[PDB]
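Structure data (PDB, C-alpha atoms and all ligand atoms) from coords.pdb:
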ATOM      1  CA  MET A   1      -5.406  -3.296  11.128
ATOM      2  CA  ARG A   2      -3.043  -5.011   8.625
ATOM      3  CA  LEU A   3      -4.729  -7.177   5.954
ATOM      4  CA  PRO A   4      -2.991 -10.546   6.620
ATOM      5  CA  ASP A   5      -0.758 -11.789   3.776
ATOM      6  CA  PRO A   6       2.148 -14.313   3.330
ATOM      7  CA  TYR A   7       4.566 -11.765   4.892
ATOM      8  CA  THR A   8       2.545 -11.383   8.139
ATOM      9  CA  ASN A   9       1.425 -15.048   8.007
ATOM     10  CA  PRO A  10       3.710 -17.259   5.843
ATOM     11  CA  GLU A  11       1.752 -20.315   7.093
ATOM     12  CA  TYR A  12      -1.085 -19.162   4.679
ATOM     13  CA  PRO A  13       0.536 -18.910   1.183
ATOM     14  CA  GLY A  14      -2.981 -18.628  -0.338
ATOM     15  CA  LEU A  15      -3.161 -15.086   1.112
ATOM     16  CA  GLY A  16      -0.668 -14.110  -1.657
ATOM     17  CA  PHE A  17      -2.642 -12.194  -4.316
ATOM     18  CA  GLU A  18      -3.275 -13.493  -7.813
ATOM     19  CA  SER A  19      -4.129 -10.171  -9.359
ATOM     20  CA  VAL A  20      -4.204  -6.591  -8.177
ATOM     21  CA  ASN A  21      -5.578  -3.576  -9.939
ATOM     22  CA  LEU A  22      -4.740  -0.046  -8.718
ATOM     23  CA  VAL A  23      -7.482   2.332  -9.868
ATOM     24  CA  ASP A  24      -7.208   6.102 -10.017
ATOM     25  CA  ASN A  25     -10.379   7.823  -8.660
ATOM     26  CA  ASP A  26     -10.188  11.549  -9.569
ATOM     27  CA  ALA A  45      -9.902  14.601  -3.490
ATOM     28  CA  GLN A  46      -8.078  11.815  -5.400
ATOM     29  CA  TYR A  47      -8.034   8.312  -3.920
ATOM     30  CA  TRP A  48      -6.765   4.916  -4.980
ATOM     31  CA  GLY A  49      -9.105   1.965  -5.452
ATOM     32  CA  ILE A  50      -7.599  -1.524  -4.950
ATOM     33  CA  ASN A  51      -9.129  -4.707  -6.434
ATOM     34  CA  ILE A  52      -7.507  -7.901  -5.122
ATOM     35  CA  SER A  53      -8.209 -11.419  -6.359
ATOM     36  CA  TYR A  54      -7.155 -14.479  -4.350
ATOM     37  CA  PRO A  55      -6.266 -17.946  -5.585
ATOM     38  CA  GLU A  56      -8.420 -20.825  -4.276
ATOM     39  CA  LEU A  57      -8.081 -20.731  -0.451
ATOM     40  CA  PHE A  58      -7.763 -23.765   1.797
ATOM     41  CA  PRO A  59     -10.230 -23.880   4.761
ATOM     42  CA  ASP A  60      -7.644 -22.683   7.351
ATOM     43  CA  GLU A  61      -6.655 -19.712   5.083
ATOM     44  CA  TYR A  62     -10.251 -18.719   4.361
ATOM     45  CA  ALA A  63     -11.206 -19.024   8.079
ATOM     46  CA  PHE A  64      -8.249 -16.837   9.127
ATOM     47  CA  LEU A  65      -8.968 -14.138   6.474
ATOM     48  CA  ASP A  66     -12.699 -14.250   7.357
ATOM     49  CA  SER A  67     -11.953 -13.865  11.110
ATOM     50  CA  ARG A  68      -9.629 -10.899  10.426
ATOM     51  CA  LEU A  69     -12.273  -9.147   8.217
ATOM     52  CA  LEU A  70     -14.947  -9.794  10.905
ATOM     53  CA  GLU A  71     -12.658  -8.136  13.518
ATOM     54  CA  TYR A  72     -12.212  -5.202  11.044
ATOM     55  CA  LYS A  73     -16.048  -4.953  10.674
ATOM     56  CA  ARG A  74     -16.520  -5.204  14.516
ATOM     57  CA  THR A  75     -13.954  -2.481  15.235
ATOM     58  CA  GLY A  76     -14.480   0.373  12.824
ATOM     59  CA  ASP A  77     -10.777   0.312  11.912
ATOM     60  CA  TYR A  78      -9.093   0.704   8.515
ATOM     61  CA  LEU A  79      -7.441  -2.085   6.505
ATOM     62  CA  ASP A  80      -3.740  -1.475   5.811
ATOM     63  CA  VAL A  81      -2.557  -3.306   2.724
ATOM     64  CA  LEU A  82       0.783  -4.093   1.158
ATOM     65  CA  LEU A  83       0.852  -4.503  -2.668
ATOM     66  CA  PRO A  84       3.994  -6.668  -3.333
ATOM     67  CA  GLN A  85       3.937  -5.932  -7.093
ATOM     68  CA  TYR A  86       5.290  -2.389  -6.205
ATOM     69  CA  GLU A  87       8.024  -3.772  -3.949
ATOM     70  CA  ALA A  88      11.012  -3.076  -6.291
ATOM     71  CA  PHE A  89      13.500  -1.975  -3.554
ATOM     72  CA  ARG A  90      14.987   0.476  -6.083
ATOM     73  CA  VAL A  91      15.937   2.924  -3.334
ATOM     74  CA  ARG A  92      17.812   1.584  -0.315
ATOM     75  CA  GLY A  93      19.357   2.839   2.884
ATOM     76  CA  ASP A  94      18.671   4.419   6.253
ATOM     77  CA  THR A  95      16.345   7.430   5.947
ATOM     78  CA  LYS A  96      17.350   8.885   9.452
ATOM     79  CA  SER A  97      19.437  11.809   8.116
ATOM     80  CA  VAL A  98      17.406  12.213   4.875
ATOM     81  CA  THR A  99      15.574  15.577   5.004
ATOM     82  CA  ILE A 100      12.445  16.866   3.419
ATOM     83  CA  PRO A 101      12.410  20.687   3.800
ATOM     84  CA  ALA A 102       9.283  22.215   5.401
ATOM     85  CA  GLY A 103       6.603  24.255   3.622
ATOM     86  CA  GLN A 104       6.371  22.191   0.425
ATOM     87  CA  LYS A 105       3.042  21.574  -1.228
ATOM     88  CA  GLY A 106       1.984  20.947  -4.818
ATOM     89  CA  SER A 107       3.159  18.245  -7.215
ATOM     90  CA  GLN A 108       6.879  18.055  -6.192
ATOM     91  CA  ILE A 109       8.732  16.768  -3.140
ATOM     92  CA  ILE A 110      12.348  17.957  -2.908
ATOM     93  CA  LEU A 111      14.615  16.131  -0.507
ATOM     94  CA  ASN A 112      18.229  16.074   0.643
ATOM     95  CA  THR A 113      19.501  12.437   0.738
ATOM     96  CA  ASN A 114      22.588  13.426   2.752
ATOM     97  CA  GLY A 115      24.367  10.768   0.650
ATOM     98  CA  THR A 116      22.650   7.949   2.597
ATOM     99  CA  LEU A 117      20.432   6.528  -0.173
ATOM    100  CA  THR A 118      21.578   4.160  -2.949
ATOM    101  CA  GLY A 119      19.665   3.739  -6.196
ATOM    102  CA  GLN A 120      16.962   6.065  -7.540
ATOM    103  CA  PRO A 121      13.173   5.846  -7.881
ATOM    104  CA  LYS A 122      11.447   5.486 -11.252
ATOM    105  CA  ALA A 123       8.222   6.910 -12.653
ATOM    106  CA  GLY A 124       5.419   4.423 -11.833
ATOM    107  CA  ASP A 125       6.864   3.630  -8.378
ATOM    108  CA  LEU A 126       4.845   4.387  -5.233
ATOM    109  CA  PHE A 127       5.734   7.060  -2.664
ATOM    110  CA  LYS A 128       4.550   7.993   0.795
ATOM    111  CA  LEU A 129       5.504  10.486   3.513
ATOM    112  CA  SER A 130       6.224   8.756   6.841
ATOM    113  CA  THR A 131       3.788  10.990   8.853
ATOM    114  CA  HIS A 132       0.651  10.819   6.659
ATOM    115  CA  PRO A 133      -1.308   7.874   5.148
ATOM    116  CA  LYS A 134      -1.685   9.126   1.548
ATOM    117  CA  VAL A 135       0.036   7.029  -1.133
ATOM    118  CA  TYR A 136       1.293   8.754  -4.309
ATOM    119  CA  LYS A 137       2.580   7.600  -7.685
ATOM    120  CA  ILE A 138       5.956   8.926  -8.833
ATOM    121  CA  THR A 139       5.477  10.657 -12.229
ATOM    122  CA  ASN A 140       9.064  11.880 -12.768
ATOM    123  CA  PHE A 141      12.465  11.963 -11.073
ATOM    124  CA  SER A 142      15.477  14.288 -11.428
ATOM    125  CA  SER A 143      18.464  14.943  -9.222
ATOM    126  CA  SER A 144      21.408  17.267  -8.657
ATOM    127  CA  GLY A 145      23.864  15.502  -6.372
ATOM    128  CA  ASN A 146      22.067  14.807  -3.033
ATOM    129  CA  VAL A 147      19.056  16.957  -4.134
ATOM    130  CA  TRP A 148      16.244  14.672  -5.300
ATOM    131  CA  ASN A 149      13.217  16.130  -7.116
ATOM    132  CA  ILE A 150      10.329  13.615  -7.074
ATOM    133  CA  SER A 151       7.204  14.585  -9.047
ATOM    134  CA  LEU A 152       4.028  13.093  -7.583
ATOM    135  CA  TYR A 153       0.463  12.237  -8.492
ATOM    136  CA  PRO A 154      -1.874  13.428  -6.959
ATOM    137  CA  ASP A 155      -0.618  16.702  -5.400
ATOM    138  CA  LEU A 156       0.572  16.593  -1.788
ATOM    139  CA  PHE A 157      -2.261  16.223   0.740
ATOM    140  CA  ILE A 158      -0.281  18.175   3.371
ATOM    141  CA  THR A 159       2.205  21.012   3.542
ATOM    142  CA  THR A 160       5.482  19.473   4.765
ATOM    143  CA  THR A 161       6.587  20.237   8.362
ATOM    144  CA  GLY A 162      10.226  19.216   7.832
ATOM    145  CA  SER A 163       9.942  16.114  10.095
ATOM    146  CA  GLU A 164       8.744  13.775   7.298
ATOM    147  CA  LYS A 165      10.802  10.906   5.933
ATOM    148  CA  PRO A 166      10.403   9.569   2.404
ATOM    149  CA  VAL A 167       9.035   6.027   2.122
ATOM    150  CA  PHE A 168       9.782   3.999  -1.042
ATOM    151  CA  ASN A 169       9.521   0.385   0.287
ATOM    152  CA  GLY A 170       7.025  -1.412   2.478
ATOM    153  CA  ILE A 171       4.284   1.118   1.653
ATOM    154  CA  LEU A 172       0.890   0.310   3.162
ATOM    155  CA  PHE A 173      -2.338   1.782   1.682
ATOM    156  CA  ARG A 174      -4.867   2.781   4.373
ATOM    157  CA  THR A 175      -8.265   1.614   3.123
ATOM    158  CA  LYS A 176     -11.908   0.702   3.812
ATOM    159  CA  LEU A 177     -13.528  -2.482   2.502
ATOM    160  CA  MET A 178     -16.160  -1.726  -0.211
ATOM    161  CA  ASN A 179     -17.503  -5.302  -0.898
ATOM    162  CA  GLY A 180     -18.027  -6.706   2.605
ATOM    163  CA  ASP A 181     -21.648  -7.478   1.547
ATOM    164  CA  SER A 182     -20.392  -9.806  -1.229
ATOM    165  CA  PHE A 183     -17.416 -11.283   0.659
ATOM    166  CA  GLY A 184     -17.291 -15.010   1.288
ATOM    167  CA  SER A 185     -17.473 -18.349  -0.409
ATOM    168  CA  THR A 186     -18.660 -21.945  -0.028
ATOM    169  CA  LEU A 187     -16.572 -25.132   0.082
ATOM    170  CA  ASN A 188     -16.231 -26.489  -3.508
ATOM    171  CA  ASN A 189     -15.680 -30.166  -4.544
ATOM    172  CA  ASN A 190     -11.847 -29.715  -4.266
ATOM    173  CA  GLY A 191     -12.159 -28.751  -0.561
ATOM    174  CA  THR A 192     -11.205 -25.089  -1.211
ATOM    175  CA  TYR A 193     -12.924 -21.652  -1.429
ATOM    176  CA  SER A 194     -12.972 -20.020  -4.866
ATOM    177  CA  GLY A 195     -13.638 -16.483  -6.054
ATOM    178  CA  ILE A 196     -12.504 -14.590  -2.959
ATOM    179  CA  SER A 197     -11.830 -10.959  -3.838
ATOM    180  CA  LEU A 198     -11.427  -7.660  -1.925
ATOM    181  CA  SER A 199     -12.446  -4.230  -3.230
ATOM    182  CA  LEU A 200     -10.714  -1.534  -1.157
ATOM    183  CA  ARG A 201     -10.969   2.280  -1.206
ATOM    184  CA  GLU A 202      -8.124   4.418   0.109
ATOM    185  CA  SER A 203      -9.676   6.270   3.058
TER     186      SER A 203
HETATM  187 CL    CL B 301      -1.666  21.485   1.455
HETATM  188 NA    NA B 302      -3.954 -11.213   1.899
END

Rewrite the structure of this file - the entire thing - as structure tokens.
Amino acid sequence: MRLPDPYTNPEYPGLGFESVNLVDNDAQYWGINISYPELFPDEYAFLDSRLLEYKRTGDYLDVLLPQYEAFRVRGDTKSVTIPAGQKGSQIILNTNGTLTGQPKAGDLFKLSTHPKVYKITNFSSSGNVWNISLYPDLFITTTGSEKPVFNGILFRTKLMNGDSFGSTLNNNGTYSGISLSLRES
């Protein structure tokens, strides 16, 4: 299930995060700490209903972190190839001349076929050959059918603080201190 935000639900601008911390837990997994601004009753009720549905159905929570949305690499990834049999800390790909721009160390990365999110540690190229160094090491050996993902990356997580989720209506008619602690699953 997608954690609702102002992109899925622009009617609730309060679902836009105030602060986000991406924590490295070293298999390696990312921890995500999200802090909300004060939420209006409709926003809080909608978020609460969506987290109750997540609790009811033992699903994951997919989350977009807009602070990593730099759109540094653009274009159609259809003819972009990732050769099979790769594992370790590097992903080599052939852009086929279809991608504009280049990624930077600190950017996120994901393979289209697997949920793991990586951090880019280094980038080098030789024409259409891109060499992207990743942290942590690849969770799978490539099959050759994967596509690189630079934008719109969703982290697949589980909620860690469901037992301390919630708030009470304050004197301003809003809900303060709402925060989500997520663990990449
Ligand atoms: Cl592997
Ligand atoms: Na949100």

Taking all atoms listed in the file and a cut-off of 6 Å, can you tell me which residues surround ligand NA 302 (chain B), written as a PyMOL selection string? chain A and resi 3-5+15-16

Write as a PyMOL selection string the residues around ligand CL 301 (chain B), taking 6 Å as the cut-off and counting only C-alpha atoms and all ligand atoms. chain A and resi 105+157-159

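The space separating atom CA of residue 21 of chain A from atom CA of residue 183 of chain A comes to 17.7 Å.
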
Residue 199 of chain A: which residues within 8 Å, counting all atoms listed in the file, same-chain residues fewer than 6 positions away excluded, as number ranges by chain? A: 49-52, 177-179

ask   = Near residue 126 of chain A, within 12 Å and counting all atoms listed in the file, which residues show up once chain neighbours fewer than 5 positions away are dropped, as a ChimeraX atom specification?
value = /A:22,48,82-91,121,134-140,150-154,166-173

Would you export the selected residues with C-alpha atoms as an mmCIF file, keeping the file's coordinate frame, please?
data_model
loop_
_atom_site.group_PDB
_atom_site.id
_atom_site.type_symbol
_atom_site.label_atom_id
_atom_site.label_comp_id
_atom_site.auth_asym_id
_atom_site.auth_seq_id
_atom_site.Cartn_x
_atom_site.Cartn_y
_atom_site.Cartn_z
ATOM 1 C CA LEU A 22 -4.740 -0.046 -8.718
ATOM 2 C CA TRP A 48 -6.765 4.916 -4.980
ATOM 3 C CA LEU A 82 0.783 -4.093 1.158
ATOM 4 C CA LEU A 83 0.852 -4.503 -2.668
ATOM 5 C CA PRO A 84 3.994 -6.668 -3.333
ATOM 6 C CA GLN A 85 3.937 -5.932 -7.093
ATOM 7 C CA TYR A 86 5.290 -2.389 -6.205
ATOM 8 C CA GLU A 87 8.024 -3.772 -3.949
ATOM 9 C CA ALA A 88 11.012 -3.076 -6.291
ATOM 10 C CA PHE A 89 13.500 -1.975 -3.554
ATOM 11 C CA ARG A 90 14.987 0.476 -6.083
ATOM 12 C CA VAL A 91 15.937 2.924 -3.334
ATOM 13 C CA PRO A 121 13.173 5.846 -7.881
ATOM 14 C CA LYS A 134 -1.685 9.126 1.548
ATOM 15 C CA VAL A 135 0.036 7.029 -1.133
ATOM 16 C CA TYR A 136 1.293 8.754 -4.309
ATOM 17 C CA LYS A 137 2.580 7.600 -7.685
ATOM 18 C CA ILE A 138 5.956 8.926 -8.833
ATOM 19 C CA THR A 139 5.477 10.657 -12.229
ATOM 20 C CA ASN A 140 9.064 11.880 -12.768
ATOM 21 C CA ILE A 150 10.329 13.615 -7.074
ATOM 22 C CA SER A 151 7.204 14.585 -9.047
ATOM 23 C CA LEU A 152 4.028 13.093 -7.583
ATOM 24 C CA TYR A 153 0.463 12.237 -8.492
ATOM 25 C CA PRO A 154 -1.874 13.428 -6.959
ATOM 26 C CA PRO A 166 10.403 9.569 2.404
ATOM 27 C CA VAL A 167 9.035 6.027 2.122
ATOM 28 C CA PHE A 168 9.782 3.999 -1.042
ATOM 29 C CA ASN A 169 9.521 0.385 0.287
ATOM 30 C CA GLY A 170 7.025 -1.412 2.478
ATOM 31 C CA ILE A 171 4.284 1.118 1.653
ATOM 32 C CA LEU A 172 0.890 0.310 3.162
ATOM 33 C CA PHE A 173 -2.338 1.782 1.682
#

Once the PyMOL selection byres (((chain A and resi 116) around 10) and not hetatm) has been applied to the shown file, what residues remain in the selection, as a short mmCIF file (atom, residue, chain, number, x, y, z; two decimals) with C-alpha atoms, in the frame of the given file?
data_model
loop_
_atom_site.label_atom_id
_atom_site.label_comp_id
_atom_site.auth_asym_id
_atom_site.auth_seq_id
_atom_site.Cartn_x
_atom_site.Cartn_y
_atom_site.Cartn_z
CA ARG A 92 17.81 1.58 -0.32
CA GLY A 93 19.36 2.84 2.88
CA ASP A 94 18.67 4.42 6.25
CA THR A 95 16.34 7.43 5.95
CA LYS A 96 17.35 8.88 9.45
CA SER A 97 19.44 11.81 8.12
CA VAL A 98 17.41 12.21 4.88
CA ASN A 112 18.23 16.07 0.64
CA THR A 113 19.50 12.44 0.74
CA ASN A 114 22.59 13.43 2.75
CA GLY A 115 24.37 10.77 0.65
CA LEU A 117 20.43 6.53 -0.17
CA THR A 118 21.58 4.16 -2.95
CA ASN A 146 22.07 14.81 -3.03
#

Exercise on segment 103-117 of chain A, axis-aligned box with 6 Å per side, report centre and edge lengths in Å to one decimal, as lines of an AutoDock Vina configuration file:
center_x = 13.2
center_y = 15.4
center_z = -1.8
size_x = 34.4
size_y = 29.7
size_z = 22.8

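The two atoms in question, atom CA of residue 55 of chain A and atom CA of residue 193 of chain A, are spaced 8.7 Å apart.
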
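Note that atom CA of residue 143 of chain A and atom CA of residue 163 of chain A are 21.1 Å apart.
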
With distances taken over only C-alpha atoms, the candidate from A:148, A:1, A:120, A:165 nearest residue 68 of chain A is A:1

The residue from A:142, A:175, A:187, A:195 with the smallest atom-to-atom distance to residue 56 of chain A, counting all atoms listed in the file, is A:195

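Applied to the shown file, the PyMOL selection byres (((chain A and resi 54) around 6) and not hetatm) selects the residues residues 17, 18, 53, 55, 196 and 197 of chain A.
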
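Proximity ranking of A:104, A:132, A:111, A:198 relative to residue 161 of chain A places A:104 first, based on all atoms listed in the file.
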
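Of the listed residues (A:75, A:200, A:80, A:102), A:80 comes nearest to residue 174 of chain A; the distances count all atoms listed in the file.
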
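Closest approach to residue 46 of chain A among A:160, A:203, A:190, A:185: A:203, based on all atoms listed in the file.
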